[PDB]
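[1] Got an experimental structure here, sequence first:
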Amino acid sequence: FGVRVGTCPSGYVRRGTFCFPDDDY
């Protein structure tokens, strides 16, 4: 069993408590 928690999907830049597009688009 596993537990995952996130706001944005895999392949994003999560830095400074915010997730923005860069490595996705």
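    Sure, I can see it. Residues are numbered from 1 along each chain as shown.
[2] Please make it C-alpha for all contacts and neighbour counts, starting now.
    Noted.
[3] Off-centre distance for stretch 11-24?
    6 Å (Cα atoms, centre = their mean, to the nearest Å).
[4] Break down this protein into its strands, ranges please.
    Listed in chain order, the strands of the chain (DSSP state E) span 13-14, 19-20.
[5] helices or strands next to the last one in the packing?
    The one in question is strand 19-20. Counting by 3 or more Cα pairs under 8 Å, 6 or more residues apart in numbering; DSSP states H and E, the packing neighbours recorded for strand 19-20 are strand 13-14.
[6] can you redo the strands of the chain as a markdown table with distance to residue 2 and mean neighbour count?
    Putting the strands of the chain into a markdown table (distance: least, Cα to Cα, whole Å; neighbours: other Cα atoms under 10 Å) gives the following:
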| stretch | distance to residue 2 | mean neighbour count |
| --- | --- | --- |
| strand 13-14 | 21 | 13 |
| strand 19-20 | 23 | 12 |
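[7] For residue 7, which of the ones you listed is the nearest?
    Closest to residue 7 of these is strand 19-20 (Cα to Cα; 7.9 Å).
[8] Within the sheet, what are the partner strands of that closest one, with directions?
    Here strand 19-20 has these sheet partners by DSSP bridges: strand 13-14 (antiparallel).
[9] re earlier: turn the strands of the chain into a markdown table, columns for distance to residue 5.
    Compiled in a markdown table, these are given as follows (distance: least, Cα to Cα, whole Å):
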| stretch | distance to residue 5 |
| --- | --- |
| strand 13-14 | 13 |
| strand 19-20 | 14 |
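[10] closest one to residue 3 among those?
    strand 13-14 (18.8 Å).
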